[PDB]
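Heads up, the thing below is written out as structure tokens.
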Amino acid sequence: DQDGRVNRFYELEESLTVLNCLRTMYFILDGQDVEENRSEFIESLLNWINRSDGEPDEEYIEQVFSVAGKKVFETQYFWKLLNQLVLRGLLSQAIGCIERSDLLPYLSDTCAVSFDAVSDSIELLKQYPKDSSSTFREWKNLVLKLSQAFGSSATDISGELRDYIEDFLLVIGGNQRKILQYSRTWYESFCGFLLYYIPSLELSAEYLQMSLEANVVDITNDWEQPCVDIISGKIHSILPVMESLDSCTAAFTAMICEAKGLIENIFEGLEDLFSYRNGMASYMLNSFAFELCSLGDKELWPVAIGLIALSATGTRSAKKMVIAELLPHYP
Amino acid sequence: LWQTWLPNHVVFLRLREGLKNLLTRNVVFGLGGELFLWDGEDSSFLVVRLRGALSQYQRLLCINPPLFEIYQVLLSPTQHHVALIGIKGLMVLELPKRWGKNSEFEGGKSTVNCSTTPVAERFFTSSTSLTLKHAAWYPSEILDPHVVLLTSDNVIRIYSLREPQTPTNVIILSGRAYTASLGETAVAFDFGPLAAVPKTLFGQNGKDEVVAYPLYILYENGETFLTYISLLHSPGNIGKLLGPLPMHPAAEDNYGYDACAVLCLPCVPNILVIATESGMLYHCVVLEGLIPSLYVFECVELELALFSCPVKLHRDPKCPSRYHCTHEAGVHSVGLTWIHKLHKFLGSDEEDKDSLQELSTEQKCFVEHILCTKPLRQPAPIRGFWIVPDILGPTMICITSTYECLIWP
Amino acid sequence: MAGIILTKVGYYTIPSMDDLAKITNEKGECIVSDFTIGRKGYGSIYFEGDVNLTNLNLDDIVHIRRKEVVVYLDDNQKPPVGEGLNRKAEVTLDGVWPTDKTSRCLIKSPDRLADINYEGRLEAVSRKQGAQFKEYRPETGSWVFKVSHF
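Protein chains in written order, with PDB author numbering: chain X2, 164 to 230, 235 to 436, 451 to 512; chain i, 13 to 33, 55 to 85, 94 to 215, 227 to 341, 359 to 375, 389 to 458, 461 to 493; chain j, 714 to 863.
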């Protein structure tokens, strides 16, 4: 909102995406599986995914709801954009795009059979479980039943719309092959896998792999690779880069990573703090403090001194000395 | 398209006018392009052809009708028999043969007689207070049809239609008394998908692999048990019952009590849905151990997605990751979008639990209230639920308490 | 003894069987108020008011088990309501605790039992069987409830 340069906005959002992913993977279940707390997890995941990138941007919704050379909405585009919405948990929008063209039209008229499918499917979508891993167990049941029933039945529709409805039901049922097929980016795949196939992080290792086989990591943005790293276990070695994006964020990030116990002081030995002797987090925080001292903003000086004072490591006398040297510069 | 004209078919007027004249009810099943509706007042099926007129239907009569009320109807795996399931008995109906260009039963006669056979008739008359809690077919599509009955004595018995009065297998799971362990009794069960298991699992030898089906058993107090069933190799009296399966992670409320329904989604590792009367749905990953355990990946509260009613769970014929829930407020669809992320190698050690936990924090199932039956005065449960499987889009049929035929989408 | 039979190990009466003998009158009738029959470590049954224990085979009538109790095994040999031991009574069952579904251990901690409101669960378990919950004591898992008859 208040800006000359928006580059800072972009970088800060990227930092946010990567942090959302980190929370979703290590800051909700505490090493357990999704059953431990289905509600919170799916909430964060669904959040992480729909803040990473903008698409499907409504500037693209109308993009196809406008393009013709075909009868109404029934080309690879409408469906790709319907499945995309489903894979990202965007069920509301998904439903909307259906009640947009041929829910009742072409179907309620042409084929009464597939109309019931396309309809109570939208019903199941209307009630995708987000709190009970039991309700989901039963949900996938009704979905697989629907997909089998439709699977072998009255084909009173076009050759293409037939499959176009089957695929939609497969994706909703969790068919791996399909979830990969209609995915534009690896994180769409990964998200889908967790939402419709099996909601277990014990398979994330495999999910990510399949996802990356379908769509490679897009080096356009700086958040994707870090997210891949998070998901795949190697959290570390991100502090220096984040320190390059913004010293502050990096500092507190290292701090909470120490709080979680994801990084610790391996050192085991020289009467002072600003070193490798203490944590990597202690180091980054103290560094930030010192950096704040030259900023000349008296509002942050309390933050600087407080940061140093609360530093979980270092003798009271060492801190005494540091404050003894910094304070005289207070503006 | 039948999705348009089916709600106006006369069979629903007939059934509706039969009203004016506990197990959860499901009076409908589908087969081919036909819909079968149980008419309780006449003890017969009304058959409507969906594929290939509003007044046309066939009546399939029971040569020997059941005298107990039929709550549920259940087509067999081979699709030649229908289980007529009540609280006070179970009867199996043999479907007649089809012929004629329209593949109507017995050439399109208005009325067709069907042979029936009662099952376990002794147990329901000898012990007057003995009731049926749950029933299903043995899943095989190759062997002779076998029905599986869970009765109020906390015993599961399996019957071949060739000897419908003598169990082939009994599973003792272990009212005159006042008791505090009132919930230590089975309320439901469900078979998992086909599995190959070592023949040594049943006490025989050869290091050879045989067909078996996992049988998951749900107690009222929420405890779950597991045993593998092989009609050929299982002993007459099955005692290798595993459980109660430990439920992880530890929950402050101990996952409550009052469990009423269970569903095994057809995936590997198996995933159980456990429903409670309060509207809680638990999605449990079955982790291999010799006793396996459950990891509650997530929980869904239907009371929030809109509550003290029985909940009924339905599999989806298309996707193993979706199931449906029916109750006094209507129908919910649940999509477990995370099923496909779990690989077949998963185990029950600590690092696997931590991975499942981490995954559950970034994954959530999709729950949607697709049909609302809430009244204006006392709510009534539905009488029928069926998903017509068409590859071009599943069509759902829901028969209300007043025999209104709702179709979705 | 003048009529009453009780020999199963662990069982007892208040007043004791010996005391009941001396209470028997000239014509051989044993009438006592506020009689209790129990089984050490499993529970007891308190019958408020006067009851006629004369020639009652308590071994065949009363059965106290873990989390369970039976009075008169079959309905045919049961007297009408208000007579014999088929009457108002207060039942106490000991060692009544829920099981942790994760560890499979019994939950005996009062704070943990308050967390899951086991007391409310026992109120429901009582009503569903036609009884009125009275109280629950965690330290011993004692579930006390009143019954109108057996």
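Every residue, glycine too, gets a C-beta built ideally from N, C-alpha and C.
Using DSSP with H/G/I as helix, E/B as strand and the rest coil, what is residue i?
i: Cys278 (chain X2); result: coil
i: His403 (chain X2); result: coil
i: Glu444 (chain i); result: coil
i: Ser314 (chain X2); result: helix
i: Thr416 (chain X2); result: helix
i: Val285 (chain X2); result: helix
i: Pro287 (chain i); result: coil
i: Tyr831 (chain j); result: helix
i: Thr479 (chain i); result: strand
i: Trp810 (chain j); result: coil
i: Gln294 (chain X2); result: strand
i: residue 88 (chain i); result: Between 85 and 94, chain i has no modelled residues, and residue 88 (chain i) is one of the positions in that gap.
i: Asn59 (chain i); result: strand
i: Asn33 (chain i); result: coil
i: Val230 (chain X2); result: coil
i: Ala464 (chain i); result: coil
Only counting the same chain, and skipping five residues up and downstream in sequence, which positions put a Cβ closer than 7 Å to that of residue i?
i: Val280 (chain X2); result: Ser320, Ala321 and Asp323
i: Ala715 (chain j); result: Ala734, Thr737, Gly741 and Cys743
i: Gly141 (chain i); result: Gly148 and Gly149
i: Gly235 (chain i); result: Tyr271, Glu272, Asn273 and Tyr309
i: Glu329 (chain i); result: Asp310, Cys312, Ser390, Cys391, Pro392 and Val393
i: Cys103 (chain i); result: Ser76, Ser77, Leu134, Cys155 and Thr157
i: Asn210 (chain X2); result: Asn183
i: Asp807 (chain j); result: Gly754, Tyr755, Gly756, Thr853, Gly854 and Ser855
Could you tell me which residues DSSP puts in a beta bridge with residue i?
i: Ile126 (chain i); result: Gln113 (chain i) and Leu131 (chain i)
i: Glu261 (chain i); result: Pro250 (chain i)
i: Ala176 (chain i); result: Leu190 (chain i)
i: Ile205 (chain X2); result: DSSP output for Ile205 (chain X2) lists no bridge partner at all.
i: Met332 (chain i); result: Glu370 (chain i)
i: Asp220 (chain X2); result: DSSP output for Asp220 (chain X2) lists no bridge partner at all.
i: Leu101 (chain i); result: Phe78 (chain i) and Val153 (chain i)
i: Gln845 (chain j); result: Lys859 (chain j)
Taking residue i and residue j to be in contact with their CB atoms under 8 Å, please state how far apart those CB atoms are, rounded to whole angstroms.
i: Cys489 (chain i); j: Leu18 (chain i); result: 6 Å
i: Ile346 (chain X2); j: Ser356 (chain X2); result: 6 Å
i: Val133 (chain i); j: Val160 (chain i); result: 6 Å
i: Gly63 (chain i); j: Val472 (chain i); result: 6 Å
i: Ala499 (chain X2); j: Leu454 (chain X2); result: 5 Å
i: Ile290 (chain i); j: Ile183 (chain i); result: That pair is no contact at about 21 Å.
i: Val285 (chain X2); j: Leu270 (chain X2); result: 7 Å
i: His285 (chain i); j: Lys251 (chain i); result: 6 Å
i: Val197 (chain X2); j: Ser117 (chain i); result: That belief does not hold up - the Cβ atoms of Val197 (chain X2) and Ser117 (chain i) are roughly 35 Å apart, past 8 Å.
Is the separation between the beta-carbon of residue i and that of residue j shorter than 8 Å?
i: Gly468 (chain i); j: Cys447 (chain i); result: no
i: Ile718 (chain j); j: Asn765 (chain j); result: no
i: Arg404 (chain i); j: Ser415 (chain i); result: yes
i: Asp193 (chain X2); j: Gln439 (chain i); result: yes
i: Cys368 (chain i); j: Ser300 (chain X2); result: yes
i: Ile758 (chain j); j: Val782 (chain j); result: yes
i: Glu369 (chain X2); j: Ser437 (chain i); result: yes
i: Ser282 (chain i); j: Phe254 (chain i); result: yes
i: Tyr363 (chain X2); j: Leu395 (chain i); result: no
i: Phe469 (chain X2); j: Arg458 (chain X2); result: no
i: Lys426 (chain i); j: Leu311 (chain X2); result: no
i: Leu278 (chain i); j: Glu305 (chain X2); result: no
i: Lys129 (chain i); j: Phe165 (chain i); result: yes
i: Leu361 (chain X2); j: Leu208 (chain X2); result: yes
i: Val23 (chain i); j: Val81 (chain i); result: yes
i: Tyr230 (chain i); j: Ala844 (chain j); result: yes
i: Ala261 (chain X2); j: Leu291 (chain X2); result: no
i: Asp276 (chain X2); j: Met480 (chain i); result: no
i: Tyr268 (chain i); j: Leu324 (chain i); result: yes
i: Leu293 (chain i); j: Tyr265 (chain i); result: no
i: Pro478 (chain i); j: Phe317 (chain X2); result: yes
I'd like the list of long-range same chain contacts for residue i, defined as Cβ closer than 6 Å, with 5 residues on each side in sequence excluded.
i: residue 691 (chain j); result: In the structure as shown, chain j begins at 714 and stops at 863. Residue 691 (chain j) is therefore absent and cannot be evaluated.
Give every residue of the same chain whose Cβ lies closer than 8 Å to the Cβ of residue i, excluding the five residues on either side of it in the sequence, and list them in chain order.
i: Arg201 (chain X2); result: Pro296, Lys297, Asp298, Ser299, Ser300, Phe303 and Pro366
i: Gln343 (chain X2); result: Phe360, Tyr364 and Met377
Between residue i and the ligand GDP, is the CB less than 7 Å from at least one heavy atom?
i: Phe240 (chain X2); result: Of the ligands one can find in the structure shown there are none, so the ligand GDP has no counterpart to examine.
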